[PDB]
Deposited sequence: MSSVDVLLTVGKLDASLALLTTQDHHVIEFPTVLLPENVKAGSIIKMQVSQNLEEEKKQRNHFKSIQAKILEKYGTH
């Protein structure tokens, strides 16, 4: 997604004031009371690049050491 959760801090807050509570202390020391974050994170589009990369390398091996 593409949010922006302002903090009071573990409690975060949206612009429309929906409150998600994350990371009691797992939240960084690079975040502050009344600091703004930019959550999202978890790109599951770049899972097929490496599937392609995987299939490509397998194809090169088969071509070079498998067929005629």
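S.K.: Could you name the stretches of the deposited sequence that have no C-alpha atoms in this structure?
M.R.: No C-alpha for residues 1-3, 13-17, 49.
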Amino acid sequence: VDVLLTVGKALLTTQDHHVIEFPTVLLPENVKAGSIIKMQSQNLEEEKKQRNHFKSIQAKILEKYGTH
From here on, numbers count along this sequence of modelled residues.
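S.K.: Which has higher Cα B-factors on average according to the PDB entry: 51-59 or 10-18?
M.R.: Averaging CA B-factors over each stretch, the winner is 10-18.
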